[PDB]
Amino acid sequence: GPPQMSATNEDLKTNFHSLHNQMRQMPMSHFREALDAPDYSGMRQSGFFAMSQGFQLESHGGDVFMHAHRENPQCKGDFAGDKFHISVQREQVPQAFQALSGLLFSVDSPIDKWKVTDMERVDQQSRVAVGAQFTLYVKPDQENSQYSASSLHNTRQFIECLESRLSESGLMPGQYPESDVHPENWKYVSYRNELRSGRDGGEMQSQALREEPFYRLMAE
């Protein structure tokens, strides 16, 4: 049948014009970076359970990622499939983690949940090893699983801050995953929606992803 519908996405369609025009009127976001965050190797030692800046940390023998999620989420909506990846050069993941940890653990971050690949365990030729070493899960902020204009703006601003920190910290871009799409002005970040694309998809799903209302709000 057709692609999987979501109430979150239908609301974005209904309110598309209003949403992007409200966003354009908002001033820059202000993200206070976390000091005292774990480093990359330390986050590997989270094992069963560790904490930093109100994020629960996990890294144990089951899969090849290390995970962070807020004990108390700021976004109250249900996940609606929107996610970002961040791609850096394969050998630079620990340095990228150091450059991004201020933002990823920030009290002001709009991202409640994310993971980074464990480069000691991953298949070195994997799509999440040569790029997409960070995965960020976006959730609508409202309890009704709708995105507010404010939250959309903060998310877009956050992605632009991740890009700026990576660039000015001297990170080289990695290989973007074929599954995702990105605009010319994102050198590290890319996007897909879980409900309406696959991780094993490629160019055949590019146009559909570029048409996702959430993506258009982030990129157009």
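For every residue, the number given is its place in the sequence shown, counted from 1.
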**Stretch exceeding the other in mean C-alpha B-factor - 105-113, 71-79** = 71-79
**Fill in**
Per the PDB entry, mean CA B-factor is higher for 164-172 or 187-195, namely for 164-172
**Message:** Given 159, 28, 50, 152, identify the residue with the highest C-alpha B factor in the PDB entry.
**Reply:** 50
**Request:** State the tercile, meaning the lowest, middle or highest third, of residue 180 with respect to the CA B-factors recorded for its chain.
**Result:** lowest
**Message:** Test of reading the entry: by CA B factor among the chain's modelled residues, which third contains residue 209?
**Reply:** lowest
**Third of the chain, ranked by Cα B-factor, where residue 130 sits** = highest
**Record-listed C-alpha B factor of residue 87: chain third** = lowest
